[PDB]
Structures are given as C-alpha cells and as structure tokens.
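Data file: work-v1.pdb. Format and content: PDB, C-alpha atoms (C1' of nucleotides).
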ATOM      1  CA  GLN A   1     -48.475  11.753  33.639  1.00  0.00           C
ATOM      2  CA  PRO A   2     -46.900  14.150  36.150  1.00  0.00           C
ATOM      3  CA  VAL A   3     -43.240  13.181  36.118  1.00  0.00           C
ATOM      4  CA  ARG A   4     -42.251  10.855  38.962  1.00  0.00           C
ATOM      5  CA  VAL A   5     -38.730   9.468  39.265  1.00  0.00           C
ATOM      6  CA  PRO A   6     -39.043   5.681  39.716  1.00  0.00           C
ATOM      7  CA  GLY A   7     -36.804   3.965  42.248  1.00  0.00           C
ATOM      8  CA  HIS A   8     -34.130   4.632  44.850  1.00  0.00           C
ATOM      9  CA  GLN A   9     -30.795   3.700  43.251  1.00  0.00           C
ATOM     10  CA  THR A  10     -28.943   6.296  41.196  1.00  0.00           C
ATOM     11  CA  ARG A  11     -28.570   3.910  38.235  1.00  0.00           C
ATOM     12  CA  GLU A  12     -32.306   3.846  37.537  1.00  0.00           C
ATOM     13  CA  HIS A  13     -32.369   7.573  38.259  1.00  0.00           C
ATOM     14  CA  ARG A  14     -29.806   7.860  35.450  1.00  0.00           C
ATOM     15  CA  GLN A  15     -31.667   5.728  32.896  1.00  0.00           C
ATOM     16  CA  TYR A  16     -34.950   7.632  33.218  1.00  0.00           C
ATOM     17  CA  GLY A  17     -33.421  10.936  32.121  1.00  0.00           C
ATOM     18  CA  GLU A  18     -31.643   9.589  29.041  1.00  0.00           C
ATOM     19  CA  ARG A  19     -34.913   8.113  27.708  1.00  0.00           C
ATOM     20  CA  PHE A  20     -37.246  11.072  28.266  1.00  0.00           C
ATOM     21  CA  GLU A  21     -35.038  13.279  26.077  1.00  0.00           C
ATOM     22  CA  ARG A  22     -34.606  10.482  23.517  1.00  0.00           C
ATOM     23  CA  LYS A  23     -38.412  10.174  23.275  1.00  0.00           C
ATOM     24  CA  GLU A  24     -39.268  13.891  23.138  1.00  0.00           C
ATOM     25  CA  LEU A  25     -36.453  15.015  20.803  1.00  0.00           C
ATOM     26  CA  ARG A  26     -35.665  12.100  18.437  1.00  0.00           C
ATOM     27  CA  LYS A  27     -38.601  12.916  16.148  1.00  0.00           C
ATOM     28  CA  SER A  28     -37.074  13.289  12.684  1.00  0.00           C
ATOM     29  CA  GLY A  29     -38.001   9.943  11.131  1.00  0.00           C
ATOM     30  CA  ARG A  30     -35.248   9.152   8.650  1.00  0.00           C
ATOM     31  CA  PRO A  31     -36.209   6.298   6.264  1.00  0.00           C
ATOM     32  CA  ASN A  32     -33.884   3.382   7.177  1.00  0.00           C
ATOM     33  CA  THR A  33     -32.237   3.913  10.575  1.00  0.00           C
ATOM     34  CA  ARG A  34     -32.839   3.246  14.240  1.00  0.00           C
ATOM     35  CA  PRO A  35     -35.491   5.670  15.570  1.00  0.00           C
ATOM     36  CA  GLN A  36     -33.340   6.599  18.600  1.00  0.00           C
ATOM     37  CA  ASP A  37     -30.207   7.405  16.594  1.00  0.00           C
ATOM     38  CA  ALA A  38     -28.339  10.695  16.926  1.00  0.00           C
ATOM     39  CA  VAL A  39     -29.145  11.670  13.317  1.00  0.00           C
ATOM     40  CA  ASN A  40     -32.839  11.837  14.290  1.00  0.00           C
ATOM     41  CA  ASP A  41     -32.350  14.490  16.989  1.00  0.00           C
ATOM     42  CA  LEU A  42     -34.424  17.628  16.426  1.00  0.00           C
ATOM     43  CA  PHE A  43     -31.672  19.894  17.820  1.00  0.00           C
ATOM     44  CA  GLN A  44     -29.485  19.430  14.727  1.00  0.00           C
ATOM     45  CA  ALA A  45     -31.377  22.233  12.946  1.00  0.00           C
ATOM     46  CA  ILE A  46     -30.337  24.959  15.426  1.00  0.00           C
ATOM     47  CA  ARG A  47     -26.868  26.505  15.075  1.00  0.00           C
ATOM     48  CA  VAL A  48     -25.792  28.639  18.044  1.00  0.00           C
ATOM     49  CA  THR A  49     -22.474  30.368  17.360  1.00  0.00           C
ATOM     50  CA  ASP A  50     -20.062  31.680  19.992  1.00  0.00           C
ATOM     51  CA  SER A  51     -20.066  35.175  21.440  1.00  0.00           C
ATOM     52  CA  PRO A  52     -17.605  37.905  20.405  1.00  0.00           C
ATOM     53  CA  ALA A  53     -14.647  38.561  22.661  1.00  0.00           C
ATOM     54  CA  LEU A  54     -15.343  40.932  25.554  1.00  0.00           C
TER      55      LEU A  54
ATOM     56  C1'   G B   1      34.039 -85.477 -83.958  1.00  0.00           C
ATOM     57  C1'   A B   2      35.381 -86.748 -78.903  1.00  0.00           C
ATOM     58  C1'   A B   3      39.593 -82.716 -75.411  1.00  0.00           C
ATOM     59  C1'   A B   4      41.995 -77.224 -73.355  1.00  0.00           C
ATOM     60  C1'   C B   5      37.763 -69.880 -68.349  1.00  0.00           C
ATOM     61  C1'   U B   6      38.589 -62.467 -73.717  1.00  0.00           C
ATOM     62  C1'   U B   7      41.009 -64.515 -68.262  1.00  0.00           C
ATOM     63  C1'   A B   8      44.237 -62.055 -64.146  1.00  0.00           C
ATOM     64  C1'   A B   9      44.829 -57.301 -61.396  1.00  0.00           C
ATOM     65  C1'   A B  10      41.985 -51.773 -60.607  1.00  0.00           C
ATOM     66  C1'   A B  11      37.986 -47.244 -54.501  1.00  0.00           C
ATOM     67  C1'   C B  12      34.036 -42.760 -59.392  1.00  0.00           C
ATOM     68  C1'   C B  13      38.407 -40.654 -56.017  1.00  0.00           C
ATOM     69  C1'   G B  14      40.681 -35.522 -54.545  1.00  0.00           C
ATOM     70  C1'   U B  15      39.485 -29.877 -53.186  1.00  0.00           C
ATOM     71  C1'   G B  16      34.735 -26.712 -51.320  1.00  0.00           C
ATOM     72  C1'   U B  17      31.137 -22.513 -44.597  1.00  0.00           C
ATOM     73  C1'   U B  18      23.739 -22.415 -47.023  1.00  0.00           C
ATOM     74  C1'   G B  19      27.207 -17.696 -46.523  1.00  0.00           C
ATOM     75  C1'   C B  20      26.328 -11.675 -46.854  1.00  0.00           C
ATOM     76  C1'   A B  21      22.783  -6.588 -45.365  1.00  0.00           C
ATOM     77  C1'   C B  22      18.020  -6.140 -41.639  1.00  0.00           C
ATOM     78  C1'   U B  23      15.818  -2.428 -34.083  1.00  0.00           C
ATOM     79  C1'   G B  24       9.078  -6.625 -32.495  1.00  0.00           C
ATOM     80  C1'   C B  25       9.137  -0.789 -34.094  1.00  0.00           C
ATOM     81  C1'   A B  26       5.411   3.741 -34.160  1.00  0.00           C
ATOM     82  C1'   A B  27       0.690   6.219 -31.368  1.00  0.00           C
ATOM     83  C1'   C B  28      -2.016   5.828 -25.836  1.00  0.00           C
ATOM     84  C1'   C B  29      -3.088  10.220 -18.312  1.00  0.00           C
ATOM     85  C1'   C B  30      -4.920   4.199 -13.708  1.00  0.00           C
ATOM     86  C1'   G B  31      -8.563   8.628 -15.248  1.00  0.00           C
ATOM     87  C1'   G B  32     -14.127  10.334 -13.680  1.00  0.00           C
ATOM     88  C1'   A B  33     -18.315  11.015  -8.707  1.00  0.00           C
ATOM     89  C1'   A B  34     -18.015  11.306  -2.637  1.00  0.00           C
ATOM     90  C1'   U B  35     -17.922  16.880   4.036  1.00  0.00           C
ATOM     91  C1'   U B  36     -14.384  12.423   9.314  1.00  0.00           C
ATOM     92  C1'   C B  37     -19.941  13.710   9.652  1.00  0.00           C
ATOM     93  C1'   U B  38     -24.774  13.240  13.639  1.00  0.00           C
ATOM     94  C1'   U B  39     -26.399  13.948  19.629  1.00  0.00           C
ATOM     95  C1'   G B  40     -23.751  16.365  24.448  1.00  0.00           C
ATOM     96  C1'   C B  41     -24.484  23.677  29.624  1.00  0.00           C
ATOM     97  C1'   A B  42     -17.127  22.486  33.275  1.00  0.00           C
ATOM     98  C1'   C B  43     -21.664  21.064  36.465  1.00  0.00           C
ATOM     99  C1'   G B  44     -24.185  19.471  41.106  1.00  0.00           C
ATOM    100  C1'   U B  45     -24.371  19.202  46.848  1.00  0.00           C
ATOM    101  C1'   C B  46     -23.520  23.143  52.182  1.00  0.00           C
ATOM    102  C1'   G B  47     -24.647  22.011  60.979  1.00  0.00           C
TER     103        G B  47
END

Can you dump the structure from the file as structure tokens?
Amino acid sequence: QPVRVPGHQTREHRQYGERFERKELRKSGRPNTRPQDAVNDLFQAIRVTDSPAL
RNA sequence: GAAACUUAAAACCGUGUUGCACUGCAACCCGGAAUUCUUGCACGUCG
C-alpha cells in the first residue's frame, strides 16, 4: 500500500514509525527468540567506522 | 559300777606408686570452559 500515516495524535504517529522499521529490518530469524528482538536486526552486519581527523 | 569340760586366754598382722622411654605423623593447586554483548543520524519547525 502507498504509505499513509493513520490518525491525528502524535502518539499514533509515533507508533507507526517504530513498527515499519521493525517489520522491514528484523528479518534474521534466530531459532529461539522473539522475532522483533534487537538481535534479529539486519543492520548488525554493517560496520561503519569513524572518519580520520581533518 | 553309779559321780567330777585337754579347759581358760590369743587379729595371719606390719612395710610396699601398675611405675619408666614414645609427635595421629609423611605425600596432595578449589583447579579446567565462557566478549557486559544486540538495535539507535545532536535532530526537526520559520508572518
């Protein structure tokens, strides 16, 4: 569906964003855990170091 | 022959360490395995 923000209050505007990421990025599938746990996040396999000092 | 106590009195007693020498001792790791880890833009809004 084309993304529509449901509602008027800012509390349901908050809870829509923290579930779209948790659906589209928690796709690791560890054997015995909750499927929306932080160890299932796909962005744990990318290591971005700092920049050198300018 | 019938009649008159080999009787009376007298501690099996006195003295004397079941005592002298002798280590419940010698040898022995509270030791071997284990990431304070996983997710997160110092950012948004301008008569």

Within 7 Å of chain B: residues of chain A, using all atoms listed in the file, as a ChimeraX atom specification: /A:38-39,41

Once the PyMOL selection byres ((chain A and resi 10-21) around 12) has been evaluated on this model, what residues remain selected, and can you format them as a list in words? residues 3, 4, 5, 6, 7, 8, 9, 22, 23, 24, 25, 26, 27, 36, 38, 41, 42 and 43 of chain A; 39 and 40 of chain B

So the first atom is CA of residue 29 (chain A) and the second is CA of residue 44 (chain A); what is the distance between them in Å, to one decimal place?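 Computed distance, CA of residue 29 (chain A) to CA of residue 44 (chain A), equals 13.2 Å.
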
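For the pair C1' of residue 45 (chain B) and CA of residue 2 (chain A), the interatomic distance is 25.4 Å.
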
Which distance in Å separates CA of residue 31 (chain A) and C1' of residue 34 (chain B), to one decimal? 20.9 Å
